[PDB]
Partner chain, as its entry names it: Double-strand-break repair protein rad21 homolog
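The chain below stands alone and is given in structure tokens; this is the form solved without the partner chain.
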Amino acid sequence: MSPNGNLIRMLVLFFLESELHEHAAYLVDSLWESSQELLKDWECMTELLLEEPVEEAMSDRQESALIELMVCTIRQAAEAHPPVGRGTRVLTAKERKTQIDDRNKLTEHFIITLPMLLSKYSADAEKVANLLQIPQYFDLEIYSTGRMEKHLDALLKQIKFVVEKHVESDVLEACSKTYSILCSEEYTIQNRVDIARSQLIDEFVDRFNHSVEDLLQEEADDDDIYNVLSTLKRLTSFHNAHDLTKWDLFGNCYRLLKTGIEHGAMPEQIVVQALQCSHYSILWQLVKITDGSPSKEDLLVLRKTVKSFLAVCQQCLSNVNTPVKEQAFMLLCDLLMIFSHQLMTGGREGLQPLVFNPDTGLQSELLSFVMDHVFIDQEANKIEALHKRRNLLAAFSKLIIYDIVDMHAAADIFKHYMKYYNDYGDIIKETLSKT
């Protein structure tokens, strides 16, 4: 009760104070043979997190660590295997028996307790996003079984708060994922979640729409700009895993982008999101068209939409802010690959009118960006920034393989930049091989 609360308080301390375990997931996994009993005392943990002290309280760091540790114990119990990175699969009867029993325990528990955790920590983005990893492990059918409808409502109340309080992409994307989870994994609860969601959305589309109108008609306020971005972010995060086509978001994003080119002064993060949102509208419009049995005009209305958006992305290469360019670029290398001739794979030759081949002028800018923004001259930010430029290239590389840009102009740029490996490589190799 408090004997395990002593052991768990000091386990959080051994994690933080010693750099002997860098990743919580690996620490948990290592103790899991010898200390399963302790690590699945979820009541003990939620207690520590929710109670008020007698003496000695928990510090904001140790609170965070406990939550991260907790989530890893929840995962290891649900999945019944070591975390990704320590893997190697077949269970014994008693192991399989334990898996079910644990899954039941944490579900019943966290259904009750996760809304309370979210409530208490509703403004701590790292913490909130870490807690919202939990419902993916739920035995979701228990929302009927325990007559537990009361706490499904409660989680949904708290998710609605979180999305209303926050703009960080980790938190929002955590909320969206959690909705998808709660939706199409049980009919019993589906209709209930569907409503809280499409209300959540409605309240944000109306807010965004008024903000979009506010911004464009106005000289524009720091608020008019806050309002557009803040709402758009929420909707874009969600638009990835949720089909928001019924609200014509593409139209207003398209205006926002058009204003940013025309008059040249749209704030960078509005432009980036406006793009990403538009792209997700386009993917989802496509998906309904593949799976449906679409007409001549259906295709042609999507075509006009796609060509207007490829145009915007191209023009957005010329935006001063390099984040915009990379987004613009990313979407070009996605879309030119998506609406390539591979769109007539799998007996889908109805889709010919949706195919696009990029023009010379465009291809020359898709080459330009690589010389300008993959291949560049000069802590933690740079190992990260590199993997992105890697991705930008790998995304461009796909276009080159299937001859969607000029493969020869590309490899000429690869020549120009690999020069010193081809002029002095052997020499640098054998030198380094004797030291």
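By rigid core we mean the largest C-alpha set that fits within 1.5 Å across both forms. Residue numbers count along the first chain shown, from 1.
This protein has a second form, the form deposited with the partner chain bound, left out of what is shown; the following refers to that one.
> Checking a candidate spot here: are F204, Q269 and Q273 all in contact with the partner chain in the deposited complex (at least one heavy atom each within 4.5 Å)?
So, no: the whole triplet misses the partner chain.
> So, in the deposited complex, is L20 in contact with the partner chain at a 4.5 angstroms heavy atom limit?
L20 lies outside the contact set for the partner chain.
> Would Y26 count as touching the partner chain in the deposited complex under a 4.5 Å heavy atom rule?
Although the partner chain is absent here, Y26 would stay clear of it in the deposited complex, with no heavy atoms inside 4.5 Å.
> Can you work out whether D139 and the partner chain are in contact in the deposited complex, taking contact to mean some heavy atom pair no more than 4.5 Å apart?
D139: no, not in contact with the partner chain in the deposited complex.
> Tell me, yes or no, whether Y280 is in contact with the partner chain in the deposited complex, where a contact means a heavy atom of each within 4.5 Å.
Result yes; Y280 sits at the interface with the partner chain in the deposited complex.
> Just to confirm the contact call: exactly one of 224-232, 71-79, 281-289, 120-128 touches the partner chain in the deposited complex at a 4.5 Å heavy atom cutoff, so which is it?
This holds for exactly one stretch, 281-289.
> Go through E108, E186, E365, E173 and name the one with a heavy atom inside 4.5 Å of the partner chain in the deposited complex.
Of the candidates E108, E186, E365, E173, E173 is the one lying within 4.5 Å of the partner chain in the deposited complex.
> Which of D102, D298, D214, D334 has a heavy atom within 4.5 Å of the partner chain in the deposited complex?
In short, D334.
> Does the C-alpha of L7 move 2 Å or more between this form and the one not shown once the rigid core is lined up?
False for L7: its C-alpha shift is below 2 Å.
> Taking the rigid core as reference, does the Cα of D423 move 2 Å or more between this form and the one not shown?
Indeed, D423 is displaced by 2 Å or more.
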